[PDB]
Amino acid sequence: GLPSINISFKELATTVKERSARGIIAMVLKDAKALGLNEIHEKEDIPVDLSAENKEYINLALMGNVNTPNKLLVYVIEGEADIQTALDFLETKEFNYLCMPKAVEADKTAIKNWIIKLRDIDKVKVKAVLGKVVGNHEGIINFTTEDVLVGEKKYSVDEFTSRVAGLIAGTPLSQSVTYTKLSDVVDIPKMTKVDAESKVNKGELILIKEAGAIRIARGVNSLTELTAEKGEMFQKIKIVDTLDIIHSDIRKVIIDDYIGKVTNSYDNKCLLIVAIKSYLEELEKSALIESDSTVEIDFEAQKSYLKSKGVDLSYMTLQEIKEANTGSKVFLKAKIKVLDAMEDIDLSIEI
């Protein structure tokens, strides 16, 4: 059939568990030394030229949760530099969560728009942990807890996003961060429970004092506008992470191995679909998703494409529409159910 595509899906299925348990974090830092990109897998890879402040943010991220973050991409830019430059740079780098400990309001707006663009236009499923940003979008995690006391130092809400990003990256796909305890935090500002429940339902990720310890109140992103196809499940950090790794894996094989290398006929689209479903069957075995995932030609997306090309669909059967030539375009629809979730999720894949 399509040997090169089956090989690629077989490799990714073999590592999806590992890659899910230990994510990658992009961190933009303001500093005068060690400019550019710094890959950091451990504390020893940290350039000694960075300020002790920046070194603390890096270490906060390495704590993780169940596991530590697989890798940190630390992009250093000079003060006064345009944030849009670090973002432009990261568009060709592989990461899961972006944070910026020293972001100002102007920076946050740029990242928010940037993240939304990558996810909904470029189809690059990345996320950001920002401080006090009403993102109303699954791609933005809105951490809002101020004056986080670790050891004998009070980190600001923006600073602590380094710890929050690492904690999420070090959490397996099968686990929530809801009520995860942060033993390194010894105090936080007093907060009425009414203010806490209100903030959560407004899309804020917060720390709370609960039964002597400090823990994450609920692992939610900033999404508050819900639809029939994008409902409560899309507010959940762990669910979005599951959808993102699956979408990324499928889109990567299609882009790397199919587009332009395989004739994009209906018969080859069917072979591709079968290959994608075989990958999903592997994820089903690995306990990421429930059984009975489906993948099909995205009928409404392909219909819209044909209409944009002036194709008249009035003589055409449903099968003829599915089989129609779409040049180098691929329109697929995947129906998956993440483990223990209450509803199926439709995943649109378009190249």
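All residue numbers are counted from 1 along the displayed sequence.
- Just going by the entry, 216-224 versus 245-253 on mean CA temperature factor gives the higher value to 216-224.
- Legend: mean Cα B-factor per stretch from the PDB entry, 49-57 versus 66-74; the higher mean is in 49-57.
- Considering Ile83, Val240, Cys270, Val126 together, the PDB entry gives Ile83 the largest C-alpha B factor.
- Across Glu44, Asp312, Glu300, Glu320, the entry's maximum B-factor at the CA atom is seen for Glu44.
- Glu146 sits in the highest third of its chain by CA B factor, as recorded in the PDB entry.
- In this PDB entry, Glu138 carries a Cα temperature factor that places it within the lowest third of its chain's modelled residues.
- Compared with the other modelled residues of the chain, the Cα B-factor recorded for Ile259 ranks in the lowest third.
- Sort the chain's modelled residues by C-alpha temperature factor and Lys277 lands in the lowest third, per the entry.
- For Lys108, the recorded CA temperature factor ranks within the highest third of the chain's modelled residues.
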